[PDB]
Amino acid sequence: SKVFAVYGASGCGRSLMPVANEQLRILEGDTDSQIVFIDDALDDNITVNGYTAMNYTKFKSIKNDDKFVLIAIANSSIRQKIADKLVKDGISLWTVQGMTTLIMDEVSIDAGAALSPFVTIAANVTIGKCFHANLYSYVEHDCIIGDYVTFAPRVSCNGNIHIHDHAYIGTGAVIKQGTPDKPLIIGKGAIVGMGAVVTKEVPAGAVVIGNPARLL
């Protein structure tokens, strides 16, 4: 027996719950296991879109040895804090993908990714901890994505790009391909704004916007 959850019942979670149901009901063929929301804003349990929603204290109290959680909180500092709590409490991180999520050859993705509908992860990609790939995003050939990276919808991450930990890539941003000799790097904790057209390396902690991308 198993219990599943989506951690976060705000916009991120409510748009991922249908995806977690595709993952569980169709890709895993599991019509038996319950799935709930976890949200620490809750005191008493409520329902959100027809699913039971409870705080983490209550979720921990459930008498099941086999818990699986997708963290659906876009802020990567919160996501890392929750992931470390879950692992310490002996709860499994759970990767979810949609029926229309395309995974190509020789792809490695660490546990706990949220891979939305219409996402492509192309050939020979490596992805670290609790990746968020929102609707329509792609990661093309030979990319290396670090830990707690977050893509908004419709990110175009071309080939030979290395995105370091905790970077955020905004809606519809486009990133030029690197080369095998010079991968294009997005630095640790960088923020690439909605619609940015990135043609060069982004420094760690930089915020870049515009076409072409410039420091904000």
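Residue positions are given as counts along the sequence shown, with the first one as 1.
K.L.:
Of 35-43 and 166-174, which one has the bigger average CA B-factor?
P.N.:
The stretch with the larger average C-alpha B-factor is 35-43.
K.L.:
Given the B-factors recorded for C-alpha atoms, which segment has the greater mean, 81-89 or 99-107?
P.N.:
Per the PDB record, 81-89.
K.L.:
Could you tell me which one of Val69, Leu27, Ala53, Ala152 shows the highest CA temperature factor in the PDB record?
P.N.:
Highest C-alpha B-factor among the listed residues goes to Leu27.
K.L.:
Report the option among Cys157, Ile185, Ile191, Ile62 whose CA atom has the maximum B-factor in the deposited record.
P.N.:
Among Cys157, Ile185, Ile191, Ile62, the PDB entry lists the largest C-alpha B-factor for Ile62.
K.L.:
Which third, lowest, middle or highest, does the CA B-factor of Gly13 fall in along this chain?
P.N.:
Bottom third by C-alpha B-factor.
K.L.:
Among all modelled residues of this chain, ranked by Cα B factor, put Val207 in the bottom, middle or top third, i.e. lowest, middle or highest.
P.N.:
Answer is highest: the recorded C-alpha B-factor places it there.
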